[PDB]
Each structure stands twice: as structure tokens, then as C-alpha cells.
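S.K.: You'll find data27.txt just under this line, and it carries compact mmCIF, C-alpha atoms and all ligand atoms.
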# COMPACT_ATOMS: atom_id res chain seq x y z
CA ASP A 152 196.44 131.30 69.54
CA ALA A 153 199.60 131.37 71.65
CA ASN A 154 199.93 133.45 74.84
CA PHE A 155 196.16 132.92 75.09
CA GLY A 156 195.01 129.75 76.82
CA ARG A 157 191.67 129.98 75.02
CA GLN A 158 190.19 130.39 71.54
CA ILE A 159 190.12 134.01 70.38
CA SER A 160 189.16 136.06 67.33
CA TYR A 161 190.77 139.32 66.21
CA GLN A 162 187.94 140.21 63.82
CA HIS A 163 185.80 141.91 66.49
CA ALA A 164 185.33 142.45 70.22
CA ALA A 165 183.27 140.52 72.75
CA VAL A 166 180.71 142.12 75.06
CA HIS A 167 179.94 140.74 78.52
CA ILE A 168 176.60 141.64 80.11
CA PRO A 169 175.93 140.50 83.71
CA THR A 170 173.02 138.16 84.36
CA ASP A 171 171.17 140.69 86.53
CA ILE A 172 171.25 143.19 83.62
CA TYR A 173 168.76 142.79 80.78
CA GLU A 174 170.29 143.35 77.36
CA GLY A 175 167.95 145.03 74.92
CA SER A 176 166.93 147.88 77.21
CA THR A 177 167.32 151.50 76.13
CA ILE A 178 170.39 152.12 78.31
CA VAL A 179 172.25 148.99 77.21
CA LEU A 180 171.35 149.29 73.52
CA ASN A 181 172.42 152.94 73.43
CA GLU A 182 175.73 151.85 74.96
CA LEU A 183 176.30 149.23 72.25
CA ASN A 184 176.46 151.90 69.51
CA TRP A 185 179.08 154.34 70.73
CA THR A 186 181.14 151.42 72.06
CA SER A 187 181.13 149.79 68.61
CA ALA A 188 183.69 152.38 67.46
CA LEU A 189 186.12 151.02 70.07
CA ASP A 190 186.80 147.92 67.94
CA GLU A 191 188.82 149.87 65.37
CA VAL A 192 191.03 151.33 68.10
CA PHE A 193 191.27 147.84 69.62
CA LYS A 194 192.60 146.47 66.33
CA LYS A 195 194.89 149.47 65.81
CA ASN A 196 196.47 149.03 69.25
CA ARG A 197 197.19 145.35 68.59
CA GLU A 198 198.79 146.09 65.21
CA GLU A 199 201.41 148.38 66.76
CA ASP A 200 202.07 146.00 69.69
CA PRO A 201 201.27 142.36 68.81
CA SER A 202 202.25 141.27 72.34
CA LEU A 203 199.13 142.88 73.80
CA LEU A 204 196.80 141.09 76.21
CA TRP A 205 193.14 141.83 77.04
CA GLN A 206 192.13 145.46 76.58
CA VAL A 207 188.71 146.06 78.09
CA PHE A 208 186.24 148.92 78.53
CA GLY A 209 184.16 148.69 81.69
CA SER A 210 180.95 150.67 81.32
CA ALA A 211 179.07 152.35 84.14
CA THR A 212 175.95 150.74 82.65
CA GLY A 213 177.38 147.33 83.54
CA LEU A 214 178.58 145.80 80.28
CA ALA A 215 182.26 145.17 79.57
CA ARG A 216 183.64 145.11 76.03
CA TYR A 217 187.04 143.45 75.60
CA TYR A 218 189.39 142.57 72.75
CA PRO A 219 190.07 140.08 71.30
CA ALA A 220 186.73 138.28 71.31
CA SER A 221 186.69 135.11 73.39
CA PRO A 222 183.84 133.12 74.99
CA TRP A 223 183.16 133.84 78.63
CA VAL A 224 184.34 131.31 81.21
CA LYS A 232 178.10 127.11 87.66
CA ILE A 233 176.41 130.48 87.16
CA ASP A 234 178.10 133.75 86.26
CA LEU A 235 178.40 136.47 88.92
CA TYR A 236 180.96 138.73 87.23
CA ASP A 237 180.31 142.47 87.32
CA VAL A 238 182.89 144.78 85.78
CA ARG A 239 181.96 147.60 88.18
CA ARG A 240 183.03 145.57 91.24
CA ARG A 241 186.44 144.59 89.86
CA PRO A 242 189.50 146.03 91.63
CA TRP A 243 190.84 147.60 88.43
CA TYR A 244 187.54 149.39 87.80
CA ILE A 245 187.24 150.64 91.38
CA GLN A 246 190.66 152.31 91.52
CA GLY A 247 189.93 154.36 88.40
CA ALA A 248 186.43 155.31 89.47
CA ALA A 249 187.59 157.36 92.48
CA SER A 250 190.47 158.11 94.83
CA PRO A 251 191.37 156.25 98.06
CA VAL B 1010 109.81 125.73 97.82
CA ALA B 1011 112.54 126.69 100.30
CA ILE B 1012 114.54 128.36 97.51
CA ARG B 1013 111.53 130.47 96.54
CA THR B 1014 111.18 131.83 100.08
CA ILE B 1015 114.90 132.65 100.30
CA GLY B 1016 114.78 134.06 96.78
CA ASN B 1017 114.27 137.60 98.08
CA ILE B 1018 117.47 137.60 100.17
CA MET B 1019 119.56 136.35 97.24
CA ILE B 1020 118.57 139.46 95.26
CA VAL B 1021 119.65 141.98 97.90
CA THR B 1022 122.95 140.20 98.61
CA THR B 1023 123.70 139.99 94.88
CA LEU B 1024 123.02 143.71 94.48
CA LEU B 1025 125.23 144.50 97.49
CA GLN B 1026 128.09 142.39 96.13
CA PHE B 1027 127.79 144.01 92.69
CA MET B 1028 128.07 147.51 94.16
CA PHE B 1029 131.07 146.50 96.28
CA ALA B 1030 132.70 144.95 93.20
CA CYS B 1031 132.23 148.20 91.25
CA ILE B 1032 133.74 150.16 94.15
CA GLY B 1033 136.60 147.66 94.35
CA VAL B 1034 137.33 148.08 90.64
CA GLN B 1035 137.71 151.83 91.13
CA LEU B 1036 140.25 151.19 93.91
CA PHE B 1037 142.46 148.28 92.78
CA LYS B 1038 142.16 148.36 88.98
CA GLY B 1039 145.43 146.98 87.65
CA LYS B 1040 147.31 147.68 90.89
CA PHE B 1041 147.91 144.02 91.83
CA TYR B 1042 150.73 143.43 89.33
CA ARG B 1043 154.19 142.57 90.61
CA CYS B 1044 157.50 141.24 89.33
CA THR B 1045 159.02 137.84 90.03
CA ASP B 1046 161.93 139.49 91.87
CA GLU B 1047 161.01 142.08 94.49
CA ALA B 1048 163.42 144.69 93.13
CA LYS B 1049 161.68 145.91 89.94
CA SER B 1050 158.51 147.98 90.22
CA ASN B 1051 157.36 148.45 86.61
CA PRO B 1052 157.13 146.24 83.50
CA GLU B 1053 159.96 148.06 81.70
CA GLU B 1054 162.72 146.75 83.96
CA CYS B 1055 160.93 143.49 84.87
CA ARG B 1056 162.57 141.73 81.94
CA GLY B 1057 165.36 139.24 81.37
CA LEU B 1058 167.05 137.06 83.97
CA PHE B 1059 167.74 137.72 87.65
CA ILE B 1060 169.63 135.99 90.45
CA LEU B 1061 167.47 134.37 93.13
CA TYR B 1062 168.92 133.43 96.52
CA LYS B 1063 167.32 130.26 97.86
CA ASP B 1064 165.76 130.69 101.32
CA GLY B 1065 167.60 134.01 101.71
CA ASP B 1066 171.05 132.39 101.79
CA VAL B 1067 173.63 134.51 99.99
CA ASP B 1068 175.75 131.42 99.30
CA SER B 1069 173.12 129.62 97.16
CA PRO B 1070 172.28 131.75 94.11
CA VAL B 1071 170.18 130.49 91.22
CA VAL B 1072 169.19 132.08 87.91
CA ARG B 1073 165.49 132.72 87.29
CA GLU B 1074 163.41 134.61 84.76
CA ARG B 1075 161.53 137.69 85.96
CA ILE B 1076 157.94 137.97 84.73
CA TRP B 1077 155.53 140.88 85.23
CA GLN B 1078 152.74 138.74 86.67
CA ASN B 1079 149.23 139.52 87.88
CA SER B 1080 147.37 138.31 90.95
CA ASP B 1081 145.14 135.28 90.46
CA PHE B 1082 142.30 137.15 92.19
CA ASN B 1083 142.26 140.81 91.19
CA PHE B 1084 139.87 143.69 90.48
CA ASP B 1085 140.65 144.31 86.81
CA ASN B 1086 136.96 144.27 85.85
CA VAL B 1087 133.61 143.66 87.51
CA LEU B 1088 133.65 139.93 86.69
CA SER B 1089 137.06 139.49 88.32
CA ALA B 1090 136.05 141.70 91.25
CA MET B 1091 132.93 139.65 91.95
CA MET B 1092 134.89 136.40 91.86
CA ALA B 1093 137.56 137.93 94.10
CA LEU B 1094 134.88 139.22 96.49
CA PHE B 1095 133.06 135.87 96.57
CA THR B 1096 136.18 134.16 97.92
CA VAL B 1097 136.40 136.85 100.60
CA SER B 1098 132.87 136.07 101.81
CA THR B 1099 133.91 132.43 102.29
CA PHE B 1100 136.79 133.64 104.53
CA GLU B 1101 139.33 131.75 102.40
CA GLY B 1102 142.53 133.53 101.43
CA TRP B 1103 141.08 136.92 102.34
CA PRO B 1104 144.17 137.91 104.40
CA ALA B 1105 146.27 137.36 101.27
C1 LIG C 1201 174.12 153.44 66.26
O1 LIG C 1201 173.15 153.02 65.33
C2 LIG C 1201 172.96 153.91 64.23
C3 LIG C 1201 171.79 153.36 63.45
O2 LIG C 1201 172.12 152.11 62.85
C4 LIG C 1201 174.24 153.99 63.41
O3 LIG C 1201 174.08 155.06 62.48
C5 LIG C 1201 173.99 154.68 61.09
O4 LIG C 1201 175.22 154.18 60.56
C6 LIG C 1201 175.14 153.82 59.17
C7 LIG C 1201 176.47 153.21 58.80
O5 LIG C 1201 177.52 154.16 58.93
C8 LIG C 1201 174.78 155.04 58.32
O6 LIG C 1201 174.63 154.63 56.97
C9 LIG C 1201 175.28 155.55 56.07
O7 LIG C 1201 175.87 156.65 56.77
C10 LIG C 1201 176.59 157.52 55.89
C11 LIG C 1201 177.32 158.51 56.77
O8 LIG C 1201 176.62 159.74 56.86
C12 LIG C 1201 175.62 158.19 54.92
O9 LIG C 1201 176.08 158.00 53.59
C13 LIG C 1201 174.21 157.61 55.06
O10 LIG C 1201 173.61 158.09 56.26
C14 LIG C 1201 174.23 156.08 55.09
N1 LIG C 1201 174.45 155.55 53.75
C15 LIG C 1201 173.50 154.91 53.05
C16 LIG C 1201 172.17 154.75 53.72
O11 LIG C 1201 173.72 154.48 51.92
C17 LIG C 1201 173.49 155.67 58.82
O12 LIG C 1201 173.25 156.90 58.14
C18 LIG C 1201 173.56 155.93 60.32
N2 LIG C 1201 172.34 156.55 60.83
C19 LIG C 1201 171.08 156.06 60.86
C20 LIG C 1201 170.85 154.68 60.30
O13 LIG C 1201 170.15 156.71 61.33
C21 LIG C 1201 175.44 154.33 64.29
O14 LIG C 1201 176.64 154.15 63.54
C22 LIG C 1201 175.50 153.49 65.58
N3 LIG C 1201 176.50 154.05 66.47
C23 LIG C 1201 177.81 154.05 66.20
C24 LIG C 1201 178.70 154.72 67.21
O15 LIG C 1201 178.27 153.54 65.18
Could I get this structure in the form of C-alpha cells?
Ligand SMILES: *[C@@H]1O[C@H](CO)[C@@H](O[C@@H]2O[C@H](CO)[C@@H](O[C@@H]3O[C@H](CO)[C@@H](O)[C@H](O)[C@H]3NC(C)=O)[C@H](O)[C@H]2NC(C)=O)[C@H](O)[C@H]1NC(C)=O
M.R.:
Amino acid sequence: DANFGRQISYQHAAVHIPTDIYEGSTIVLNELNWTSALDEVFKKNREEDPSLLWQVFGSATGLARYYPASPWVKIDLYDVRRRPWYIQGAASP
Amino acid sequence: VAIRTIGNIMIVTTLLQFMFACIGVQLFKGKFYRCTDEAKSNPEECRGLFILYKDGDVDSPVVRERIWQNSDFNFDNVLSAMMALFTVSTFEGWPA
């Protein structure tokens, strides 16, 4: 797709889980249910504004769910909870 | 003939080791388990992949699996306790 230097898919959302976090645990699996209802809102937002870039939910459990789906970009050290955009919304200066 | 004379000592020392092994089982039964990364302390969270830093350097990470492993010499039962206690009597690896 254009304005997206990668290959994307609008049919669903991708979920990133950091390496140090084991997917399949009770905390992570319980997070994958109530975050599955975010995909419909993700699609609805893009329909109103087609010129919409990544929209992502950063969980306190660690996983980040973003739309549209796209494969993740050595080893991976990304943690959504340490990103500058997550930190400013988690507290005040 | 020499074995027959020393045959009485080998009965007392085998009884003493057996009693110590039974005591050792009561103390360290199943308590020698540990995870591959020294940050998880039970089998529930000792799963999946973790990031290992080679020689303690923060600039050289590497991905490794974490496994809830058991000690090679342990006190899970009397047979394992006696084998673990025999190696102690030889003074090999007993500090470990
Ligand atoms: C977390 O996982 C739950 C278990 O899979 C999901 O809950 C299940 O969702 C199914 C799909 O909606 C439901 O199936 C139908 O639900 C309707 C709505 O009430 C009912 O007609 C029936 O329950 C069912 N229809 C059938 C069987 O023909 C399941 O009922 C429902 N619950 C279960 C399986 O216990 C959750 O959706 C998921 N979390 C989120 C946020 O989606």
C-alpha cells in the first residue's frame, strides 16, 4: 500500500509481544480477549479517515496491538511501556 | 579374606549413609529446582524466551530459552540422596 513503506493488511490487527514476555500465560491470554474488540473500532476509524497512520494500544501487561497488521521489523528489544509516547500518558512530568 | 574382615565396617557405614540420606530427603526434597534465568522463581513464569547478557555486558544480549531445570545431584528420593551423599564423601563437588 501507499503511504506505508511495508506490506499491510486491513482485515485485522497485529499484536507485538516482547521477547522477555511469554505469550500463553494467564495475564497475556486474558488481555488478548478484551483487546480483540479493538479491531472493529480500528477499522471504523480508518473508514472515516482513510489517511490514518498506525493506531496502537499499549498494554500495561506488555503487549502492543496496532492497526493495520504488518510484520514486525538482530534481536528485538522493543517494549511498548518504555516508549516516549507511552510514558507521557502514563503519568505527569 | 581381607574383604571379609572389613565386611563389618561396610555394614555400619552403609547404615549411617542410609539414615543421613533419609534425613536429607526430608530437608531438600524438590527444593533444588531453578530456572535458566535467575529472575523467575517458580515453574509458572519460567516459560518462553528470555534475554541473556553475555558475561554481564549490557551491550551483548542474546535470546535463550528458560527451562525449569533440576540439579544433577539432588535429594528427590532415597536413591538420589544416597548417590548425592556418596559424592560428598569423596570430597568432589561438595561445595557446589
Ligand atoms: C474471550 O473468549 C471468550 C471465549 O471464547 C469469548 O466469548 C465467547 O464468544 C463467542 C462468540 O461471540 C460466544 O458464542 C456465542 O455467543 C452468543 C452471544 O451470547 C450466544 O449466542 C452464545 O453464547 C454463542 N452462540 C453459539 C454457541 O451458537 C460465546 O458464548 C462466548 N462465551 C464463551 C465461549 O464462554 C469472548 O468473546 C472473548 N473476549 C472478547 C472480548 O471477545
S.K.: Counting only C-alpha atoms and all ligand atoms, which protein, DNA or RNA residues come within 6 Å of ligand LIG 1201 (chain C), given as a ChimeraX atom specification?
M.R.: /A:184-185,187-188
S.K.: At a cut-off of 7 Å, can you tabulate as CSV every residue of chain A near chain B together with its closest atom pair and the distance in Å to one decimal, using only C-alpha atoms and ordering rows by chain then number?
M.R.:
residue,atom,partner,partner_atom,distance
A:170,CA,B:1058,CA,6.1
A:171,CA,B:1059,CA,4.7
A:173,CA,B:1057,CA,5.0
S.K.: To one decimal in Å, tell me the separation between atom CA of residue A:196 and atom CA of residue A:158.
M.R.: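 Computed distance, atom CA of residue A:196 to atom CA of residue A:158, equals 19.8 Å.
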S.K.: Between A:193, A:208, A:223, A:236, which one has atoms that come closest to residue A:157, using all atoms listed in the file?
M.R.: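 Among A:193, A:208, A:223, A:236, it is A:223 that comes nearest to residue A:157.
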S.K.: Hey, can you pull every residue with an atom no more than 12 Å from (181.6, 141.4, 67.1), using only C-alpha atoms, and send it as a short mmCIF file (atom, residue, chain, number, x, y, z; two decimals) with C-alpha atoms, in the frame of the given file?
M.R.:
data_model
loop_
_atom_site.label_atom_id
_atom_site.label_comp_id
_atom_site.auth_asym_id
_atom_site.auth_seq_id
_atom_site.Cartn_x
_atom_site.Cartn_y
_atom_site.Cartn_z
CA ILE A 159 190.12 134.01 70.38
CA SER A 160 189.16 136.06 67.33
CA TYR A 161 190.77 139.32 66.21
CA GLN A 162 187.94 140.21 63.82
CA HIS A 163 185.80 141.91 66.49
CA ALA A 164 185.33 142.45 70.22
CA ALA A 165 183.27 140.52 72.75
CA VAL A 166 180.71 142.12 75.06
CA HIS A 167 179.94 140.74 78.52
CA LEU A 183 176.30 149.23 72.25
CA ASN A 184 176.46 151.90 69.51
CA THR A 186 181.14 151.42 72.06
CA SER A 187 181.13 149.79 68.61
CA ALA A 188 183.69 152.38 67.46
CA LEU A 189 186.12 151.02 70.07
CA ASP A 190 186.80 147.92 67.94
CA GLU A 191 188.82 149.87 65.37
CA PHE A 193 191.27 147.84 69.62
CA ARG A 216 183.64 145.11 76.03
CA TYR A 217 187.04 143.45 75.60
CA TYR A 218 189.39 142.57 72.75
CA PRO A 219 190.07 140.08 71.30
CA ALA A 220 186.73 138.28 71.31
CA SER A 221 186.69 135.11 73.39
CA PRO A 222 183.84 133.12 74.99
#
S.K.: Kindly indicate which residue among A:155, A:239, A:177, A:250 lies nearest to residue A:203, using all atoms listed in the file for the distances.
M.R.: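 For residue A:203, the nearest of the candidates is A:155.
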S.K.: How many Å lie between atom CA of residue A:248 and atom CA of residue A:234, rounded to one decimal?
M.R.: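 Atom-to-atom, atom CA of residue A:248 and atom CA of residue A:234 are spaced 23.3 Å apart.
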S.K.: Any idea what the distance is between atom CA of residue A:202 and atom CA of residue A:240?
M.R.: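 One can read the atom CA of residue A:202 to atom CA of residue A:240 distance as 27.3 Å.
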